[PDB]
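S.K.: Experimental structure and sequence below, a few questions after.
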Amino acid sequence: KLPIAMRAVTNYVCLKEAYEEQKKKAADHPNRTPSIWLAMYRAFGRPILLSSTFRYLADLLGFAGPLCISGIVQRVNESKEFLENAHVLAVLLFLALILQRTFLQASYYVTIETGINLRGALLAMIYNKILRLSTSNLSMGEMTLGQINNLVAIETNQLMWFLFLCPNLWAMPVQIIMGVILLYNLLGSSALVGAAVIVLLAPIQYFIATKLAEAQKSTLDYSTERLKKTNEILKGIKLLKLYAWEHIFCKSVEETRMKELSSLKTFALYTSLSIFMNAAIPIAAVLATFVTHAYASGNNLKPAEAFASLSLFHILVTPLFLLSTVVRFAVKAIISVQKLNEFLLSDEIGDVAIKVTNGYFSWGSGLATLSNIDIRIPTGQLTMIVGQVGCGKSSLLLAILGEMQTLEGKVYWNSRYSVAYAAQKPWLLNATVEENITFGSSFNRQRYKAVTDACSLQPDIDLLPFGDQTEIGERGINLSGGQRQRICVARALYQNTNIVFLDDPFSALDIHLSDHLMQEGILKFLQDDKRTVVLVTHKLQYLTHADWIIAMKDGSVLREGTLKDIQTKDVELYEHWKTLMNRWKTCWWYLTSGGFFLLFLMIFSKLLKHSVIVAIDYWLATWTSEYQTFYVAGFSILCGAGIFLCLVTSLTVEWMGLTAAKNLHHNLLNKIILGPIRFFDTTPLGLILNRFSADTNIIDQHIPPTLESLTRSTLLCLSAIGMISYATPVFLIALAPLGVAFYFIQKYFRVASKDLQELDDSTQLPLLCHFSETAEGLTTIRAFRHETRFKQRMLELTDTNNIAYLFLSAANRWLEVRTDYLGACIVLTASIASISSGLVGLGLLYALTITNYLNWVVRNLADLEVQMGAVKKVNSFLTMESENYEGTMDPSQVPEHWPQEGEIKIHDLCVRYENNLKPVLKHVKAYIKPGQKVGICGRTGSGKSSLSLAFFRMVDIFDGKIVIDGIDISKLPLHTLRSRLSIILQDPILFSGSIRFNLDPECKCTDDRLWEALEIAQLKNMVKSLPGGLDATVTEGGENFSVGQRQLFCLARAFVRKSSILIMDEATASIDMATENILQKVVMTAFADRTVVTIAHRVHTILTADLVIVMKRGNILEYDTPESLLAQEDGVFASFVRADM
Ligand SMILES: CC(C)CCC[C@@H](C)[C@H]1CC[C@H]2[C@@H]3CC=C4C[C@@H](OC(=O)CCC(=O)O)CC[C@]4(C)[C@H]3CC[C@]12C
Ligand SMILES: Nc1ncnc2c1ncn2[C@@H]1O[C@H](COP(=O)(O)OP(=O)(O)OP(=O)(O)O)[C@@H](O)[C@H]1O
Ligand SMILES: Nc1ncnc2c1ncn2[C@@H]1O[C@H](COP(=O)(O)OP(=O)(O)O)[C@@H](O)[C@H]1O
Ligand SMILES: CCC(C)(C)/N=C(\NC#N)Nc1cccnc1
Ligand SMILES: [Mg+2]
Ligand SMILES: [Mg+2]
């Protein structure tokens, strides 16, 4: 598989020991942070020392070119002592070249092996850090899951790509110094002047780098913001699309994109300047050197010296060809390692089964969210935690699990025992249903059936494509909220631990499923195993089953004891409970995105630049053929023209890159955000978000450099071939066999490359997903205490990915070695042809360039093929389906206040989510009067939510009309329909930013109206107490607030719009009973004029409703007042009321 030295385990151990030594040295002195660079050096330097040795040998051998060329020129111009003989020199040059290329490829091999080792070690390090990072980092707003994914995907890769090029950072200096020294032997003091010019690259390239670094950091800043926004949109599209806010958010994404593009433009401008310097300073150096030689030594050079010096200048130019790339990648790698070091230095986690005494706990800020927590959880008994929204229940569970800072007190666990945690926000992995349920336990079919039937999952799984083997979670079929919650509860029930922490498992479930779960699963299955159970529920009806009750109010514990103990001690609390219960083409597209002016300017300017630059060489050769003011002036104007042409050629490629990046991302975002909701239902969020996160990165920062290097190298190679052939025609024959060879090697590489490339991706998507599904659901992993299994899985995945990438690099090395030997053959053939008249001097001169730049032509062509494959995905998404926002209704017919009265009439409505599916709604017909209060109820899977989403045309209608206040909704534009009606979905979708931003993204609401909304939604006091008020922050996903508070914010978001018709879809699922009562009464007293249709989670709420509807499998069974339905003996509605009560 993978050699032991290349396993991620050994590399990780080495790097970790180096980093721990660094941490010791950092602890020694104040303000000295541990550094990743020194740890990486300690761990992996000796390999790089060997690679640098090989590179120095390669450069020493490379200097043999000038000497042999000069000898051949001298001997063409005019035993065993025949080493001057031209043909012997040619063969010796061939041997020197092949030896050089062998050493160079050896250095490349060593460095790629080391870089893969280190990517493995760094991914293991940051993964263990994930398994140790405190969730308060992600909940208080320090960092995001997206930032961690960015680390893993982009920043580690950038560090690796830099470490592929690291030897150059000291090999290129040496080679450029040596060169100058050798020039000093041929040209005398003249070389010094040229040397000085060359040395100016050292100051310059520092300055530029500085700028680049800043410009990069800013980009990485704005990018991270942009992506954040993007992700939220893709995760909350439904809400946005239901509120008509799609474009308000698209505009903010585009603003951040404009900032990122400006930073990218600064980076591109300075990259262009670095290219211009690296190209022109050589021309300036040659100009200075040869003018000084012409006017200092009265004699012109003999041809031998002339071609020797010109060859030495070529050898100088070769490093400067790649200097720009190495500085670019070193800057980006410095930024990436800064981010990695910031991450790796962050905050981390710190009878009676559990006893918390004198506990004061806080969520990081240093202010106590819990206080005077004196609790005990009896062993093998049902503990139930009760309290209104935001009262420290989930906080209590996560405090016992040591997930939050402990200010005072202690938790005793009669080290922690494993405990089955069913998080309130269900976390599902990217494996099958069976893998999610078993979750690392040996499959027992009897126990599996017990769990599955206790959670009623069997009816739902048998529907799925393959019941127990269908892939779930992101990157799989998306289950409903209730199904995911019941799968998570099944996982909690299946693991063979002795403590089960079930956090509100009945939020998404209906009455029947919840009652079945309670009775069978929790009152029979869990008690047969004699397991301790701690339930966090608002269902007061189940308090009779509880053995121990922990009431919580405002962070502290109100009272603790059995029901009788509470009744005798806290009479008021028991009475309160009682009252509450009531007892390719893509490459062409990328090139042409500039409009045919940038493209043709690029091609013509490049051709003209190389024309001038070869004319300079021909001029030097012919000028030294003499051994004059005419020659000097011609040379000077030629050099000036070359410098200006370099300046022009530098900017065109970068400008093309900027233009194409902007256009591609703009089209992608807009077309995505206009897609129908079905597209998001079917497609994983991961694919769409990958487009932006990774492919936009490729399109912005990785295609332009590849393209410019490819164009320069290919023009150099074609020019050298043409020059050689013009000098020696016969070379053309040699070109045909060689040509064939080239073709074939290319061919073979491709058929393998593709395959290997695919493998790489296929092996990396799992790894990334792993890092994603541990960062999410970290608390569940660490509550089951399964960190070891997940670390082992990460090591396995990273080793597989390393194998794939190593084989890919091996194929690349195969192609590079073959093409280098082919270039050496080109050199030898052209050399023999030239030896057997000014033409042939420059012809033989360019043969070395042929090898040097043919390698790069091939490599960059491969890189560009991969990156154009990236571009293809955006261009593919451009073919999506688009929702019909136009609408047939004339805008004149729509009154200024369309839902003026609020009457609705549904006639023969039939709905199916996608073509060729079952009709979820079947001929429903109902007329809600203006100012009517309608309550819709029923089991899960009865089409209540479909009837809700019908009004907003988010479900495709086969037949029927929805005539809202005298206009068929089918005709109106989508935006008018979806802006003048307000829906309160069940799952809260809360964006990042201030409270104000979530309550009105447009900024078009008075502060007074926001306070009104928050007062109806029962969040006035909490927002008042928050530090910033209405400017207080909401971290991504609303994690800093409880679930009930997230739902209440989602209710406030609907109370501000103040439209005439409200559709409340199971809004009080997560809210407790007392908050729910007061909220319903206040909402009814406030919206008494409007028409509100409430899909009810508890039928009690809809007992005081003007009209009631009970849906069963897409049909309205009963349509009448709640009094009439209650009067019926054995009616469905009557049955619902008895069970809930
Ligand atoms: C000109 C000949 C003799 C050698 C050609 C390369 C060298 C000039 C060396 C010496 C100085 C080096 C540069 C000086 C230091 C930097 C900055 C470094 O980035 C940073 O220092 C962080 C940015 C910051 O300091 O705020 C990236 C590498 C780079 C460009 C180095 C790249 C390699 C350089 C150009
Ligand atoms: N992840 C978090 N990070 C920081 N503060 C939090 C976090 N979760 C909750 N809080 C704060 O803790 C306080 C108590 O909320 P808690 O998490 O205990 O909710 P809960 O009572 O379990 O929720 P509910 O019963 O509505 O589902 C709230 O004021 C909230 O501001
Ligand atoms: N996103 C979806 N795509 C296709 N079909 C769906 C989707 N959601 C639900 N359904 C189907 O529609 C029916 C009713 O679902 P739903 O409207 O969610 O019921 P509820 O009223 O309980 O929310 C179910 O039988 C289910 O198969
Ligand atoms: C040394 C600078 C001058 C302009 C005198 N000569 C160059 N400059 C470049 N580039 N010659 C050359 C040609 C082709 C491939 N490599 C090098
Ligand atoms: Mg909770
Ligand atoms: Mg529903």
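M.R.: Looks like it arrived, so ask away. Numbering: from 1, shown residues only. Ligands and ions are numbered 1, 2, ... in the order given.

S.K.: Tell me which residues touch the closest residue to residue 767 other than its chain neighbours, please.
M.R.: In this structure, residue 767 finds its nearest non-sequential neighbour in residue 797, 4.4 Å apart by CB to CB, 6 or more residues apart in numbering. For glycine as for every other residue, the C-beta is placed from the backbone atoms N, C-alpha and C. With contact taken as CB atoms under 8 Å, 6 or more residues apart in numbering, residue 797 is in contact with 763, 766, 767, 770.

S.K.: Of those, which is the most crowded?
M.R.: residue 767 (22 neighbours; other CB atoms under 10 Å).

S.K.: Can you name the element that comes right after the helix or strand encompassing the residue nearest to residue 767?
M.R.: Residue 797 belongs to helix 787-835 when assigned by DSSP states H and E. The C-terminal neighbour of helix 787-835 among helices and strands, as given by DSSP H and E, is helix 838-877.

S.K.: about what we covered before: where's the helix holding residue 797 relative to the chain centroid, distance-wise?
M.R.: 27 Å (CA atoms, centre = their mean, to the nearest Å).

S.K.: So that helix, near ligand 4 or not?
M.R.: No - residues of helix 787-835 are not located near ligand 4 by CB under 6 Å from any ligand atom, the shortest gap being 13.4 Å.

S.K.: and that helix with helix 838-877, angle?
M.R.: Note on geometry: by axes from the mean of the first three to the mean of the last three CA atoms, to 10 degrees, helix 787-835 and helix 838-877 are set 150 degrees apart in direction.

S.K.: Excluding covalently adjacent residues, which one is nearest to the residue in the stretch 401-550 of the chain that ligand 1 sits nearest to?
M.R.: Of all residues in the stretch 401-550 of the chain, residue 405 sits closest to ligand 1, at 35.3 Å by CB to the nearest ligand atom. Of all residues not flanking residue 405 in the chain, residue 362 sits nearest, at 4.9 Å (CB to CB, 6+ apart).

S.K.: do residue 913 as well
M.R.: residue 955 (5.9 Å).

S.K.: Test my guess that that neighbour contacts residue 946.
M.R.: Yes - counting by CB atoms under 8 Å, residue 946 is a contact partner of residue 955 at 5.7 Å.

S.K.: Report the set of residues contacting both of these two.
M.R.: Common neighbours of residue 955 and residue 946 (CB under 8 Å, 6+ apart) are 911, 913, 920.

S.K.: other SSEs contacting the longest helix seen in the chain?
M.R.: In the chain, taking DSSP state H as the definition, the longest helix is helix 246-296. Packed against helix 246-296 by the contact rule (3 or more CB pairs under 8 Å, 6 or more residues apart in numbering; DSSP states H and E) you find helix 168-187, helix 189-199, helix 201-243, helix 303-344, helix 597-625, helix 629-673, helix 697-701, helix 703-727.

S.K.: switch the cut-off to 7 Å
M.R.: helix 189-199, helix 201-243, helix 303-344, helix 629-673 (3 or more CB pairs under 7 Å, 6 or more residues apart in numbering; DSSP states H and E).

S.K.: near ligand 4 at all, the second one?
M.R.: No - applying CB under 6 Å from any ligand atom, one finds helix 201-243 out of contact with ligand 4, separated by at least 13.5 Å.

S.K.: Against residue 408, how distant is residue 250?
M.R.: Distance, residue 250 to residue 408, by CB to CB, to the nearest Å: 48 Å.

S.K.: make that residue 460, sorry
M.R.: The gap separating residue 460 from residue 408 is 46 Å, by CB to CB.

S.K.: Among those two, which residue is more densely surrounded?
M.R.: More neighbours surround residue 460 than the other of residue 460 and residue 408, with 20 against 14 (other CB under 10 Å).

S.K.: Show me how far the helix or strand where the more buried one lies is from its chain's centre.
M.R.: Per DSSP H and E: residue 460 is located in helix 457-461. Relative to the chain's own centre, helix 457-461 is displaced by 33 Å; criterion: CA atoms, centre = their mean.

S.K.: Spell out which parts of the stretch 451-600 of the chain neighbour ligand 2.
M.R.: Checking the stretch 451-600 of the chain against ligand 2 by CB under 6 Å from any ligand atom, the hits are residue 504.

S.K.: Helices of the stretch 451-600 of the chain, start to end?
M.R.: For the stretch 451-600 of the chain, helices defined by DSSP state H, counting those that start in this stretch occupy the ranges 457-461, 481-494, 511-516, 526-528, 563-569, 571-581, 585-592, 597-625.

S.K.: Residue 346 looks like it's in a strand, true?
M.R.: No - under DSSP: H, G, I helix; E, B strand; the rest coil, residue 346 sits outside any strand and is assigned coil.

S.K.: picking up where we left off before, what separates the longest helix of the chain from the chain centre, distance-wise?
M.R.: With CA atoms, centre = their mean, you get 28 Å for helix 246-296.

S.K.: still on that earlier bit, and which of the shared contacts of residue 955 and residue 946 is nearest ligand 1?
M.R.: The closest of the shared contacts of residue 955 and residue 946 to ligand 1 turns out to be residue 913 (CB to the nearest ligand atom; 53.7 Å).
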